[PDB]
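Asks: My structure is below; once you've seen it, I'll send some questions.
Protein chains: 2
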Amino acid sequence: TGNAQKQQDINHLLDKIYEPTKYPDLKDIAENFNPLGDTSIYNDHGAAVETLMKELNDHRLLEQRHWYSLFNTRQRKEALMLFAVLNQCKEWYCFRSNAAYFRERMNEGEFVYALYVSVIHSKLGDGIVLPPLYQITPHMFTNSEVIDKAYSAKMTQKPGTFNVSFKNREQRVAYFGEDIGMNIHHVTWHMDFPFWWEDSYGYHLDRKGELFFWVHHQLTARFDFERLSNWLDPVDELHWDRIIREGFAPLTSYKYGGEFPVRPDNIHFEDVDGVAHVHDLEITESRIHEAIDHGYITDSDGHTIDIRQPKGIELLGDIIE
Amino acid sequence: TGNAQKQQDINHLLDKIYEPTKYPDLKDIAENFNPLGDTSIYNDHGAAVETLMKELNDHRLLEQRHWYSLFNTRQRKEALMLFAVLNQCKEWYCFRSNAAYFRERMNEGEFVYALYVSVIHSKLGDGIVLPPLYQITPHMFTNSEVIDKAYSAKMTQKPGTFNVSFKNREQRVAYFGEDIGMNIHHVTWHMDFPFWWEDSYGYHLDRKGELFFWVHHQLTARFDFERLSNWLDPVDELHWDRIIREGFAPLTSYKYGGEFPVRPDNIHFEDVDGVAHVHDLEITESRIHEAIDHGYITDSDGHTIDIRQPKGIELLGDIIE
Ligand SMILES: [Cu+2]
Ligand SMILES: [Cu+2]
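Chains C and A supply the protein sequences, listed in that same order.
Under the deposited numbering, residues 5 to 170, 175 to 329 are what the first sequence spells out, in order.
Under the deposited numbering, residues 5 to 170, 175 to 329 are what the second sequence spells out, in order.
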């Protein structure tokens, strides 16, 4: 152990993530290790490990040098299996090993995501401070311009820092939304208290519900404030039966993936194949809005669970998010 | 009572259905029979009959030589009383009699529908085969042109058969829906397990409900295949909030009644007077959909009947059709 060790290892793992590791130790590990030959390092007698492997083997896991969204029900599951290994390691010998072994044949997004969540929640990651996403995978936090300016630097082997950019809109209250600090927090908040947490993982995040209610209420408040300061008017509430008034162009790019799709202004909400129907929301919204109005949330049995009490708002945040 | 017999009386009955019977027996039965004096032929002591009669007498039954759709709540009820008589005869003397007695004063659709149903479920119709509707009442299964060609062969008495008809649509998968066999089947399937069946009539049809779910799912299935074969793409699902994209003109005619109305394309669903509001669907659709989602259907007392079991899909079909 140590930390200036654990730490070191981490830094190495997340170094030039888009390419096979250059740190020799990480690679003989990456090669010689077998997550299945001492089912003892694992507190599960390695059921986790044996499940990743099985996938890695039938090679039914997402490819490397490809994008990844945490909203993709499969990409998530895969990402989250790495979490589950890293998670039941008794000591560092087992983490390093895996987050090396996998690091090299699992996709980067799943991987970056997996490592962070794992470091954050696993028993074994106390000493560590995680590098800032913004510098680990800069395509998600940097402009598309600066990105290309950086690819040029590199082509020519000439160094230096480029100035990023952001009178026509409400990309006047932009400084708020595009800040690398908020973006960090926004992701961290949901890494700290993930929507996918099962108390099987080890403990129980306390009031994730009210936490959820509140955190957004404040982005939402903080946001409303800035627009105040900009002669702008408080934000419109979004409806599924209306047009999406204010659309934008992000001018942002994926590393592997392409450029973030843009949305024109005054658009009509389309039924999106694979996710869900527009109407599917409308009804959800109704079911929600009826719990609130009745006084109770009704479970699967037709058991009405009361929410006209203090535990109220979290039970509500459990069903809303 | 052979069946040869049984059978013969039945082809007699349904011969030249649009004009007074020409078979002399059926006639003088038609005239001298009294469905209510010897109410010992009825296993109901002629409750059945004494109701038809009453109607027949206050003259509030639907006229002859007029159309009839099985969807008309009255038209449906009258048709269905005939059913109730034929149904409580102890032997052929009683059917012959009524389907003769009634044949001659009761509307022809009521009458053709009443005799088949009766023939199909009454305990007294075993040996018979019913003639193919397509040849009993051919306006329903034949073109409007063919029909017309046929009125001319008859005005001039020179005989002859006509070829029916069916590059501009999806009346390219026509050969499927316009087939006299399908068509047969699709009506028979609903005569075998009728939507109006009360188990007071006699026995209980067994899984009408999954039977219902399943038969349509195979029309639909079968339907979807043919389109495949025609470079056409799978069928849109219909919504009450969008346009009826594809209308058609059936170029079909009724014998008494006129030409079947046509639907222009890209139409908007109108609230239709006497049947129900568009919205009315809209909420029934919701009501249904929530039963699917809750885990339970809820009766009129407010008792939730669970459908997350094998009797499941049938309970559902009983509230769906
Ligand atoms: Cu969030
Ligand atoms: Cu049908």
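Ideal Cβ positions, reconstructed from N, Cα and C, are used throughout, including at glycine.
From which residue to which residue does the beta strand (DSSP E) around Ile313 (chain A) run?
Replies: Taken as a continuous stretch (DSSP letters only), the beta strand (DSSP E) holding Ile313 (chain A) covers 312-314.
Asks: Taking only runs of the alpha helix (DSSP H) that begin and end inside the segment 113-154 of chain A, which ones reach a length of at least 4 residues, in chain order?
Replies: Complete alpha helix (DSSP H) runs here, min 4: 137-140.
Asks: Would you please state the rounded distance, in angstroms, between the beta carbons of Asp244 (chain C) and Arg253 (chain C)? I believe it to be under 8 Å.
Replies: The pair is a contact, with the Cβ atoms about 6 Å apart (cut-off 8 Å).
Asks: Identify the contact partners of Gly282 (chain C) in chain A, using a Cβ-Cβ distance below 8 Å as the criterion.
Replies: Residues of chain A passing the Cβ test: none, with the nearest at roughly 16 Å.
Asks: What residues of chain C sit near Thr312 (chain A), judged by a beta carbon separation below 7 Å?
Replies: The answer, in chain order, is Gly310.
Asks: Quick one: Cα of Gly266 (chain A) to Cα of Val133 (chain A), how far?
Replies: The alpha-carbon atoms of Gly266 (chain A) and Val133 (chain A) are separated by roughly 31 Å.
Asks: Would you please state the rounded distance, in angstroms, between the beta carbons of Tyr211 (chain C) and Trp71 (chain C)? I believe it to be under 8 Å.
Replies: The Cβ separation is near 32 Å, so there is no contact.
Asks: According to DSSP, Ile327 (chain A) sits in a beta bridge with which residue or residues?
Replies: The partner list for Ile327 (chain A) (beta bridge, DSSP) is empty, contrary to what the question assumes.
Asks: Quick check: is any heavy atom of ligand 1 less than 8 Å from the C-beta of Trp197 (chain C)?
Replies: At least one heavy atom of ligand 1 is nearer than 8 Å to the Cβ of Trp197 (chain C), so yes.
Asks: Below 8 Å CB to CB, which residues in the same chain sit around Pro272 (chain C) once its five sequence neighbours on both sides are set aside?
Replies: The residues are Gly255.
Asks: Our contact map puts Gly303 (chain A) next to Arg295 (chain A) with C-beta atoms below 8 Å; I'd like the distance itself, whole angstroms only.
Replies: Rounded, the Cβ-Cβ distance is 15 Å, inconsistent with contact.
Asks: Can you determine whether any heavy atom of ligand 1 sits closer than 8 Å to the C-beta of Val223 (chain C), and answer yes or no?
Replies: Checking the Cβ of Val223 (chain C) against ligand 1 gives yes.
Asks: Could you tell me whether the Cβ of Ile291 (chain C) comes closer than 9 Å to any Cβ of chain A?
Replies: Answer yes: the Cβ-Cβ gap between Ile291 (chain C) and chain A drops below 9 Å somewhere.
Asks: If you draw a straight line from the alpha carbon of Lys127 (chain C) to that of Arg100 (chain C), how long is it in whole angstroms?
Replies: If you take the alpha carbons of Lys127 (chain C) and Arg100 (chain C), they lie about 14 Å apart.
Asks: Rounded to a whole number of angstroms, what is the C-alpha to C-alpha distance between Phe221 (chain C) and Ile328 (chain C)?
Replies: Roughly 9 Å separates the two Cα atoms.
Asks: With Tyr46 (chain A) as the anchor, note down where its beta strand (DSSP E) starts and where it stops.
Replies: Segment: none, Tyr46 (chain A) is in no beta strand (DSSP E) and carries neither H nor E.
Asks: Kindly indicate if chain A contains any beta-carbon less than 9 Å away from that of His287 (chain C).
Replies: It does; some Cβ of chain A falls within 9 Å.
Asks: My understanding is that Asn102 (chain C) touches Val89 (chain C), with C-beta atoms under 8 Å, so please give their C-beta distance in whole angstroms.
Replies: Contact flag correct, Cβ pair sits at about 5 Å.
Asks: In whole angstroms, what is the alpha-carbon distance linking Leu30 (chain A) and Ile313 (chain A)?
Replies: Each residue's Cα considered, the two are about 51 Å apart.
Asks: Along the alpha helix (DSSP H) that carries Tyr105 (chain C), what are the first and last residues, could you check?
Replies: Where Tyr105 (chain C) is concerned, the enclosing alpha helix (DSSP H) stretches over 96-105.
Asks: State the start and end residues of the unbroken alpha helix (DSSP H) segment that holds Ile305 (chain A).
Replies: That residue, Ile305 (chain A), is in no alpha helix (DSSP H); its beta strand (DSSP E) goes 304-306.
Asks: Starting from the C-beta of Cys98 (chain A), find all residues in its chain whose C-beta is less than 7 Å away, skip the five residues before and the five after it, and write them out in chain order.
Replies: Closer than 7 Å at the Cβ level, and outside the excluded window around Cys98 (chain A), lie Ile45.
Asks: Starting from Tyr304 (chain A), find everything on chain C with Cβ-Cβ shorter than 7 Å and list it in chain order.
Replies: What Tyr304 (chain A) touches in chain C: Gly310.
Asks: Pick helix, strand or coil for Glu245 (chain A), following the three-state DSSP scheme.
Replies: If DSSP states are grouped into helix, strand and coil, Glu245 (chain A) belongs with coil.
Asks: For ligand 1, is there any heavy atom lying closer than 8 Å to the beta carbon of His285 (chain A)?
Replies: Not so, every heavy atom of ligand 1 lies at least 8 Å from the Cβ.
Asks: I'd like to confirm something about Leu227 (chain A): is its beta-carbon nearer than 8 Å to some heavy atom of ligand 2, or not?
Replies: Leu227 (chain A): yes, Cβ under 8 Å from ligand 2.
Asks: Within 10 Å of its beta-carbon, does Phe203 (chain A) have 16 or more other beta-carbons around it, so buried, or fewer, so exposed?
Replies: Exposed: under 16 other Cβ atoms inside 10 Å.
Asks: Compare the Cα-Cα distances from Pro269 (chain C) to each of C:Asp309, C:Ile275, C:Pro258 and report the closest residue.
Replies: Considering only alpha carbons, the answer is C:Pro258.
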